[PDB]
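Keep in mind that the numbers below use all heavy atoms, side chains included, and drop hydrogens, waters and symmetry copies. In what follows, every chain begins at residue 1, and chains take the letters A, B, ... in the order their sequences are listed.
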Amino acid sequence: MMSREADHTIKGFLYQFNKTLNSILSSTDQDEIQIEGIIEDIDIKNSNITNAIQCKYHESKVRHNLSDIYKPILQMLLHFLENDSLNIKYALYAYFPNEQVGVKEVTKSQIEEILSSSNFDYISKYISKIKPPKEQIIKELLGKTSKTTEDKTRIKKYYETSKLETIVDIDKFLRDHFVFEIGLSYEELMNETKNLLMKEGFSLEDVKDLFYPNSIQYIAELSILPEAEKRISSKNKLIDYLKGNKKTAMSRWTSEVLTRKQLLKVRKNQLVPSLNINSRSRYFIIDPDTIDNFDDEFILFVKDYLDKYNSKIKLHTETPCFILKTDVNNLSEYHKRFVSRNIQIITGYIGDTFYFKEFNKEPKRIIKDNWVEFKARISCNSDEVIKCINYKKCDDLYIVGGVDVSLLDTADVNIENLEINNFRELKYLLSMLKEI
Amino acid sequence: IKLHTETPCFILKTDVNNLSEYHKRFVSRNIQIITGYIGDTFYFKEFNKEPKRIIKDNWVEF
Amino acid sequence: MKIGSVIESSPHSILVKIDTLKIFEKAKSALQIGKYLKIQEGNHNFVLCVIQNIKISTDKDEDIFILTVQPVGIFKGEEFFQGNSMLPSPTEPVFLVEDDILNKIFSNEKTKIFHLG
Amino acid sequence: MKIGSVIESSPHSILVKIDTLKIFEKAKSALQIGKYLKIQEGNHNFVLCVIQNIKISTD
């Protein structure tokens, strides 16, 4: 039994994608959108909030059968019970092949007859909180961890019979905090979206794989910035061209499963270049508390990276560097776990003192044998090691997880943000694992 | 480098922390030594590995 | 599998050197004139080659095991493209050829096939 | 010296030496037979040449 909060988050994400794609379609001149703004978090310092709307629809029906929009509106009203400050502009989106397009007739009576619902799930979830019962027995029954058939029947009978009021201003929610427009199904509108995007030069599959997801994410990221005044937009064609440049600049950070398999195939087929070069300097920035089972799998991942990218004695002349995000300690245990596996690394730390010359030394190698002094550099996310990195720049820098890229100079360095969940995903992205 | 082929071994009646301090002090003076300790755990294979030599560059590992 | 490393590379011919006597004697049947070797190129690409000349020499104390091969194509990713313009860099391993690669060479379509041998 | 240097010049052929393995590997897509090269003749002039042979070995 999965938690309903995850399902609500999934529905909110689907609405966010739908609204973002609608804004992209309507982005012609001076849109100034405020896509979404609630992620069910603690701080709401800057509102920048559209709503936590959902887009649900059944297979095919002229009219809604029964209790279709009951759960979304119940969640909307429950959330509105703790909504204040600036106005939050609620709405509701749906598709119907044969129905009116636009605002539906919703003034007062529809919600009163929705509030007359008698579903056990709805009563246990939102009706009880919206309309508290007037009996202590019902209050005790609702708070019980386990509910029996007799208790559920009694609660249903009490709710259906007894007229229970509420303290939330329902008419205020109706006049302003709700819009119900029947839109179009954006699954079939993917072709139209591609056709509208197919107005510049671009390419056939490039729009499908690189341009459309990048536009969707960049537009969706317009409202996540801490500044609330960054949404100023005018002449949407000019900002569309700017996003056209930005998509080629980034070419990453795709959200959905578009063209992408397993858990995250996102990227790849564009990381293969600069991974087919022998003498290249690749630096990895890893946040340990973002990868599942980091402690027991980092050593194996390092071993399998070095047996592919640091095997050749004459062509592989650059040493990989793995700057983790931990304390100065916890490096001794990694060093111990590498020694037991017969892998030679250097940390640059003797105890707690960092040594500039011990971290910038080049490994002496002997070609008649197959000996290199050390095969990797593994240190922490400290200031001295960042100064070392800036002193000897890399050609590619891979950011795994969320790590502050500041204090790192980026003259001729290619930043490649990689979001992953486990080491199988990272292995698959680096062309060292054919399958998942 | 070509005549002195063996490496001396100094064993002290101290603890690991003093050994780490001496290691710091040797490294500060550009003297390459090996102690056999990674943190607080001794390693047999580290301690008794023969030093590598590159006579052309006049380099000895430790 | 692993056979040797490249010594000399030219658009006409590529020279590879066998590691040891043991390796050559283990797979001397596969190292005949007209058979196939593959030479890596980078970290993911391969250059399929066909052997033309073999010259094994032990004059005095000099063990020499040199093959002369010519490229016929490149195995980029999981696909094969013909051509002789990639030139693997010196000191690059030679890996023999497995059955999967050869089967993928003669794939074509699924209807215009003609099993001849 | 983006690519290399000249080691022998004759009216029929000019021989050019590549500096390092990194340069060759980075720009091997352009160093194929039939491609074009620039050789500096003096401080302002250039000599456009076509690659007609390529030879990579170990000294």
Side-chain angles (χ1 to χ4, degrees), chain C residues 2-20 37-49 51-55 57 62-77 79-94, chain D:
Chain C
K2 184 177 180 180
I3 285 305
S5 64
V6 298
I7 285 189
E8 183 178 1
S9 179
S10 179
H12 314 297
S13 58
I14 300 169
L15 283 72
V16 298
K17 182 174 72 68
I18 301 299
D19 288 20
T20 61
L37 299 178
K38 80 185 174 189
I39 314 178
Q40 205 159 0
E41 190 277 331
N43 298 330
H44 311 128
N45 285 359
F46 289 92
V47 179
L48 294 174
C49 295
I51 316 188
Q52 289 178 156
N53 210 31
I54 320 167
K55 182 67 181 294
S57 309
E62 188 68 32
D63 291 331
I64 299 161
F65 306 83
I66 292 190
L67 302 161
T68 293
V69 298
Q70 293 179 356
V72 306
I74 177 171
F75 182 76
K76 185 183 287 185
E79 275 198 350
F80 178 78
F81 310 100
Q82 312 207 354
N84 56 344
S85 45
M86 294 299 291
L87 283 71
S89 306
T91 290
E92 182 65 26
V94 189
Chain D
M1 295 155 172
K2 184 184 295 168
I3 301 299
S5 62
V6 175
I7 60 160
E8 190 277 331
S9 298
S10 179
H12 67 288
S13 60
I14 289 152
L15 283 72
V16 170
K17 182 175 174 66
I18 301 299
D19 291 331
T20 48
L21 183 63
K22 304 176 46 42
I23 291 181
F24 175 66
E25 277 199 328
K26 182 175 73 175
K28 71 193 315 189
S29 301
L31 297 162
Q32 293 179 356
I33 288 188
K35 299 285 190 72
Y36 280 116
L37 280 182
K38 293 187 286 185
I39 297 89
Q40 207 168 341
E41 190 277 331
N43 290 333
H44 299 133
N45 287 347
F46 285 109
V47 171
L48 194 74
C49 308
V50 65
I51 308 181
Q52 65 182 177
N53 201 7
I54 193 66
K55 180 79 175 298
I56 47 184
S57 63
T58 56
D59 208 354

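Looking only at heavy-atom pairs under 4.5 Å with chain D, the residue among C:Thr91, C:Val6, C:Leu87 that has the most is C:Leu87. When each of C:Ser89, C:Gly42, C:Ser9 is scored by its heavy-atom pairs under 4.5 Å with chain D, the top score falls to C:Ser9.
Counting heavy-atom neighbours within 6.0 Å of D:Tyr36 OH, excluding the residue itself, gives a total of 12 or less.
Residues D:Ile33 and C:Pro11 share a closest heavy-atom pair of CD1-CG, 4.0 Å. The shortest heavy-atom contact between C:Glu41 and D:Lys28 is OE2-NZ, 3.2 Å. Nearest approach of D:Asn53 to C:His12, heavy atoms of both residues: OD1-NE2, 4.4 Å. Nearest approach of C:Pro90 to D:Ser57, heavy atoms of both residues: CG-O, 4.0 Å.
Remark: D:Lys55 NZ to C:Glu8 CD distance equals 4.5 Å, nearest 0.5 Å.
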